[PDB]
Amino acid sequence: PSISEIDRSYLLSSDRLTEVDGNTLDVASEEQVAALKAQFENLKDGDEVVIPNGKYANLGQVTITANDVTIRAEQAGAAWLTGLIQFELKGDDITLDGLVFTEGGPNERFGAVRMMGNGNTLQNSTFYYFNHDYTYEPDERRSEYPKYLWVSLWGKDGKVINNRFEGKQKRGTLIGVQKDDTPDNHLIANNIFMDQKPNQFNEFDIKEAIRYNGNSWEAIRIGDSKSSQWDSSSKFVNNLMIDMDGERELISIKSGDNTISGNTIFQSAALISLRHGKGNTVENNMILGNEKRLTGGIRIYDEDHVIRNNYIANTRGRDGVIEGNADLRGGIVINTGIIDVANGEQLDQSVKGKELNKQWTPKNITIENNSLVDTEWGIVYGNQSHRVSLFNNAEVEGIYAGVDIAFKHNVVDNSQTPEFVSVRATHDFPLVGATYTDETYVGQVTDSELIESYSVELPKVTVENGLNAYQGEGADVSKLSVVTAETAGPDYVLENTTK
């Protein structure tokens, strides 16, 4: 298909995929489940457990202390682990391969797979609507629903590769990186993520609790506010994401030196979010909104990031549905923050109101060689108000615009619908120290007098592999390719699943 014609059937198609029919699998008896669990916890270093085709309910807490072990399905996709389970991987160099988690839920809130050792790997595995069997009630303190993860990484050199993460529809990030003060060097690559979405269980009906119950539905969170001033050096690369609509943050980066690159993000009403931490790079992504409401590209806080050679097309919408969370959408959004970074101010846990979980005004951001095509809101200069916290609805006083934002060789092409806003500048929050080199903006530009110069004539346009290529400007199409099931996700698809 051409870009506009892409659909999930196309993205999910590959001749390499085997079909596994769950209705051919026998249900293991309680004695068989117990015997399998003993195999797991009795492993010697270097051994392997091959799980016979079948469905194994309620394995519960499975602690692997052995090093250099593999737990794999006899046939990939044909060992279905249902009811409550958590693999707590404590040894090093443990690989889980070919497993299915469905019709059940995590035995503990940090996931079905707690990757605690070093060199741990989760590969060729499928989660299918693993939202069940755990208590899920608004708490007494503030009617907050519990956050459950599917996978967490707590060690070093983790790999989460060639999996399928489908249908996360209760609160909590899908993959969480729980890090310390040194780099982690995790690789989250070549996975398929589909159909994460919130408010399937009326959670938003408790109106007073919506700003926090509507948060923590990310596909991945890399770090956290406390650890955000350290490098993770992790990679979220070459993934395929389809209808990932959890919350304003699709990928929430909360640490430094990360790479969020080469992903295809299709019809996902959620943004790449540089939320805390410095020096992250977002490059060569294909963000295909396909005219879906509240799609968008990248939102930016904090310092030293590089946003380069992304292709962001057919995105729609500006204002998220939940107020008070600075949920301002577009192709590339330069957020306001609450600190005077132009005068060297930092977030600092010691300073009341400017703690590490607050909003670090962006500074020293390079935004270069991006192509934004038919984006209803293209490059958006922020004007958000910020509240004290997700729990305290008072408005913060003292709001600051991005500083030292360098724009070079971007193309924002709204030639098709020039009433769309290619660049949303605003006198309410003028960027400080912004620079413009060979920018091309076609379509509406608000408060345009704030921008030193730009061209309104497109360079020669050609189409290469269905992408628009702009002569000498914008995203180099030779660095771009659509990720499909040809390389992403496991080597099988499942039949006779149940949500």
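One-based numbering along the sequence shown.
- When the C-alpha B-factors of 339-347 and 102-110 are averaged, 339-347 comes out higher.
- Per the PDB record, of the two stretches 6-14 and 483-491, 6-14 carries the greater mean B-factor over its C-alpha atoms.
- Per the PDB entry, 391 shows the highest C-alpha temperature factor of the residues 150, 420, 391, 154.
- Of the candidates 89, 160, 412, 321, the deposited coordinates give 321 the top C-alpha B factor.
- Among the modelled residues of its chain, residue 231 has a C-alpha B-factor that falls in the lowest third, as given in the PDB entry.
- Looking at the C-alpha B-factors along this chain, the one for residue 279 belongs to the lowest third.
- For residue 424, the recorded CA B-factor ranks within the lowest third of the chain. Only modelled residues enter the ranking.
- Among the modelled residues of its chain, residue 138 has a C-alpha B-factor that falls in the highest third, as given in the PDB entry.
- Among the modelled residues of its chain, residue 181 has a C-alpha B-factor that falls in the middle third, as given in the PDB entry.
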